[PDB]
Structures are given as C-alpha cells and as structure tokens.
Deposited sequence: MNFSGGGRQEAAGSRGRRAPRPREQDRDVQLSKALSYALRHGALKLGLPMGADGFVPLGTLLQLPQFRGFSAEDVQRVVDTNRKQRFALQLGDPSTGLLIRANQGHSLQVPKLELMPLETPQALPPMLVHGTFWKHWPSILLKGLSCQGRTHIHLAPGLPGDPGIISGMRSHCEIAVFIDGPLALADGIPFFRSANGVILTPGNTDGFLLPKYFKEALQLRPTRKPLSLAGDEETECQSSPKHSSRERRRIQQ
C-alpha cells in the first residue's frame, strides 16, 4: 500500500518536474507514454494496473490517463503542478472576472506567513501559484493541502485588472503565474483566516 504512496510520489515528480532530465519523451501538453516511464529505474517495479489503481483512487485527480494508440500505449500526465514547460497543457483560461470561481483561497503554514506578508505568494519552483475555488469540509478540496494552518483569500478581479492571468486545471485547481518574478503581491490579498487549531481572522497590511 505504501508502495502506492511511493508510486504517486515517483509519478508526481517525474510527470511534474523530472522527465526531460530522465529521458522520457513528453510532449508540449505534458503527456508521456506510460510504458516508457514504467521502464525507468524507479518505475521498473510497478505494473500498469498499479499505476491504474493510483490514477483512479486518487482523491485530488493529480493524474490524467488517455488511451493513446497500441504503438504507444496509454498516455499519462499530471493535471497541474509542473516545473516543466508544457505550453499545450489542458488549462481553462479564466480571462474575465465573471469566469472566476466563487472564492480564491491559498492555504499555507505559519513558517512561511512572514515571507508571504512581505513578498507575496510565490510560484516557488512550479510555474503557477495554486489556489482552491473554495474551503473544505470537516474536506480534501483540490488545489489546497490537507494540514494547512492559515488560509489567505485573493482578490481575483483586481489581479485580472492588473493583467495577472488565471487558469483552471482539469481537476479543479486555479493557477496563476503571478507577476514577472512569480509573486502574487500582498495588494491582491483580500482576507486571511487561521484554520487550526481554531478559526480566527488574521491581520494584514
């Protein structure tokens, strides 16, 4: 079972970040033949049904699978979170404020809170900042981690008014490249909320 946890992690890294360094033949849409991946050293211990299990029982739908042809087999991608340049990846462009989700919200942790207040939310390594289109139940909402302590909400219409684009992934995640350096500046911060161990509001600028 942990092997499924290990399979997902190895799948996440290879499909999101390390593929052109691993030799895999990935297209500009982020799709790679699954067999060529399962031929890699770290993947040689897994079966196409193991990967199939991880793809369907995954609650965040991190990976998409496509039939392909028999000469290539199944095509497998990650839906979001890429360090690689995949310009043709399936993304819904949220170009007007009326297409945006009800609320944009990023959940993070105290260790990073002072840097976010002073520099803004950063893409960090990834190509897009990851936001949720809502808060979760007592919930696994995709686009947000599970053990977050504080959540900060984003003013979507104001960011768009300043030419900061937004995108929706095929698994419900909202993405933005930020500004030039990959930062969502603290001006587009509308509201903040501490989540654990008690729901309390947090102050900003």
Deposited sequence positions missing from the model - stretches, numbered from 1, in order: 1-24, 163, 231-253
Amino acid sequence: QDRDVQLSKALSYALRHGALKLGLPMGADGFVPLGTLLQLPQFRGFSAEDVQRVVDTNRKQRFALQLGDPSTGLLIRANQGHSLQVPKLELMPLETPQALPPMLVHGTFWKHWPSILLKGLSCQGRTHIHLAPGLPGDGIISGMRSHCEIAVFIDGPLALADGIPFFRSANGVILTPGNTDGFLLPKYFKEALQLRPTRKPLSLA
From here on, numbers count along this sequence of modelled residues.
Stretch with the greater mean C-alpha B-factor as recorded in the entry, comparing 172-180 against 139-147: 139-147
Entry-level comparison of average CA B-factors, 148-156 and 25-33, reporting the higher stretch: 148-156
Third of chain Cα B-factors occupied by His128: middle
Record-listed C-alpha B factor of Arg16: chain third: lowest
Chain thirds of CA B-factor: placement of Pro102: highest
Third of the chain's Cα B-factor distribution that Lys88 belongs to, per the entry: lowest
Modelled-residue ranking by C-alpha temperature factor, third containing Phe167: lowest
